[PDB]
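Q: 3D model of this:
(chains A and B)
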Amino acid sequence: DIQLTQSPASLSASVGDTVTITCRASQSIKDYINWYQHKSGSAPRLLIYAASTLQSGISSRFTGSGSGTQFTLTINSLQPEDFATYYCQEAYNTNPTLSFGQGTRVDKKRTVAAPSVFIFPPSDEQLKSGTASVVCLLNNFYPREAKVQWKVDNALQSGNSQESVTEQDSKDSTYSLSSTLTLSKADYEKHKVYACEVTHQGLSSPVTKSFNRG
Amino acid sequence: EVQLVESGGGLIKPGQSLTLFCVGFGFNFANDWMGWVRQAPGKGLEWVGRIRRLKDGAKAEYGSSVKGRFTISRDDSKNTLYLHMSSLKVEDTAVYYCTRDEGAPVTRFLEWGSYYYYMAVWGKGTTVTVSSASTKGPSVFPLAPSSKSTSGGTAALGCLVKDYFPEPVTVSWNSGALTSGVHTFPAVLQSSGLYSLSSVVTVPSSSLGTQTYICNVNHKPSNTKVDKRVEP
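A: Numbering: from 1, shown residues only, chains lettered A, B, ... in the order given. Please find the structure below.
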């Protein structure tokens, strides 16, 4: 019955920065809030309980605040080991629900980099298999947010694409992303124009890569 | 040296049952709350359940998504926590983490008897995949460099590795001789219940038609190895 919403969904930080993550509860829950840190490929770690009580062994650079419906995790003097996803959790109900927030990613800040965009039609060999995959590649961009929208013959596509994104690169701090549109051979055969449109902060206007079948 | 190690994970079919185990080291297991949290692919953390110490009656409690289907039990004599699952569904696919929990007393007078409950120590997790799919090796298709996959003077090329089960596949280029500029994407689960990924590389356009590019795809669960030459 209690829902926790974190904001923002993602934050960029440089070492030394102060970062603030907010958790809003759908009802008043006094100070019954925990905060956890999760780096990919390692077990989650408790930081704070009772909204503001620092767990033993945890750096005092982490501070928790708030009571009622609004809670904050502040990370002071951010260190490289702090790039991770952070979760709030409520522990208010006597019959436990222990609901978590959706998580907030904290990544490493770098200069904004627009993606290089590439499109691939399906191979002839794949059509014989009965499927056509069209792939739109967004390469080496930052920040992580990117909107990719497909159009076939000027009609917006819904429900027939899937995205995959790399982890942040350890050397250059960029991301890459694929968006793959899947249709049957029968549908690829009909329509004429295939286009992916990309919106990224590093561009003041969206970029479209397109092709005509043939 | 508090340590928790989960096991029992793996592939299982919908409707079936499976037990996960967690062994605790370095603490007085009998005296603690113990529990389970999970994380589905691409999703956040989700509490599964907890069990009280035997001295207080060993009541088990559960998250909303699993009540009626799972039982948590403990064997203090072996420092072992169990998650007995039944009636499994595809959406139970997740990493399952064992936790040692604590309750810290609330000190405000009017809330005496209340506690702050938290997951104090977590294991690294065991993966459970619930699926009706059968083993299938991948089909490998070229992502050919052409004018539509050119950006400035850079060309992109790759391989689409489609319709395999279960994970994982590994991809290299030119038997490992090509690593600069390569991105192999995390796999996605398709509607069919089969996985798919792509591996791409960017190269100078001037390199095409002199330099050979071959993607090497290995899928150990099917014992298949595929080399695909990618030409413009």
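
Q: mind giving me the domain split of chain A?
A: In the domain annotation for chain A, the residue ranges read A:1-109, A:110-214 (curated CATH domains).

Q: looking at these, which is closest to residue B:99?
A: domain A:1-109 (8.8 Å; C-beta to C-beta). From N, CA and C alone the C-beta is placed, and that goes for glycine too.

Q: quick revisit: could I get the domains of chain A as JSON lines with distance to chain B and mean neighbour count?
A: Putting these into JSON lines (distance: least, C-beta to the nearest C-beta, whole Å; neighbours: other C-beta atoms under 10 Å in any protein chain shown) gives the following:
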{"stretch": "domain A:1-109", "distance to chain B": "4", "mean neighbour count": "17"}
{"stretch": "domain A:110-214", "distance to chain B": "4", "mean neighbour count": "16"}
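
Q: of all those, which one is nearest residue B:84?
A: Comparing the domains of chain A by C-beta to C-beta, domain A:1-109 comes nearest, at 19.4 Å.

Q: distance between the closest one and the chain's centre?
A: 17 Å (C-alpha atoms, centre = their mean, to the nearest Å).

Q: what's the first-to-last distance across it?
A: 36 Å (C-alpha to C-alpha, to the nearest Å).

Q: all helices for chain A, in order.
A: Taking DSSP state H as the criterion, chain A carries its helices at A:124-129, A:185-190.

Q: identify all contacting residues around the first one.
A: With C-beta atoms under 8 Å, 6 or more residues apart in numbering or on different chains as the contact definition, helix A:124-129 has outside contacts at A:132, A:133, A:185, A:188, B:139, B:141, B:142, B:160, B:162.

Q: what's near enough to touch the fifth one?
A: The neighbours of residue B:139, taking C-beta under 8 Å, 6+ apart as the test, are A:126, A:129, B:161, B:162, B:163.

Q: can you redo the helices of chain A as TSV with distance to residue A:206?
A: Shown next, in TSV, are those (distance: least, C-beta to C-beta, whole Å):
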stretch	distance to residue A:206
helix A:124-129	28
helix A:185-190	24
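
Q: domain ranges for chain B?
A: Split by curated CATH domains, chain B gives B:1-132, B:133-230.

Q: nearest residue to residue B:12 in space, please, no chain neighbours.
A: Spatial nearest neighbour of residue B:12, excluding adjacent residues (C-beta to C-beta, 6 or more residues apart in numbering or on different chains): residue B:18 at 4.7 Å.

Q: same check, this time on residue B:154
A: Nearest to residue B:154 is residue B:202, by C-beta to C-beta, 6+ apart, at 5.1 Å.

Q: that neighbour: neighbour count?
A: Counted with other C-beta atoms under 10 Å in any protein chain shown, the neighbours of residue B:202 add up to 23.

Q: the one 3 residues further on too?
A: Applying other C-beta under 10 Å, we find 15 other residues in the vicinity of residue B:205.

Q: same question for residue B:115.
A: Using other C-beta under 10 Å: residue B:115 sits among 15 other residues.

Q: does it really touch residue B:103, like I thought?
A: Yes: using C-beta atoms under 8 Å, residue B:115 is in contact with residue B:103, at 3.6 Å.

Q: follow-up on the earlier one: beta-bridge partners for the residue nearest to residue B:154, please?
A: Taking DSSP bridges as the rule, residue B:202 bridges to residue B:156.

Q: so who does it touch?
A: Counting by C-beta under 8 Å, 6+ apart, residue B:202 has contacts A:116, A:139, B:154, B:155, B:156, B:181.

Q: looking at those, which is nearest residue B:51?
A: residue A:139 (48.5 Å).

Q: burial count for residue B:54?
A: Quick note: residue B:54 (other C-beta under 10 Å) scores 11 neighbours.

Q: skip the chain neighbours and tell me the closest residue to it.
A: Nearest one to residue B:54, counting by C-beta to C-beta, 6+ apart, is residue B:76 at 6.2 Å.

Q: ok, that neighbour - contacts?
A: Residue B:76 touches B:29, B:30, B:54, counting by C-beta under 8 Å, 6+ apart.

Q: that'll do, ta.
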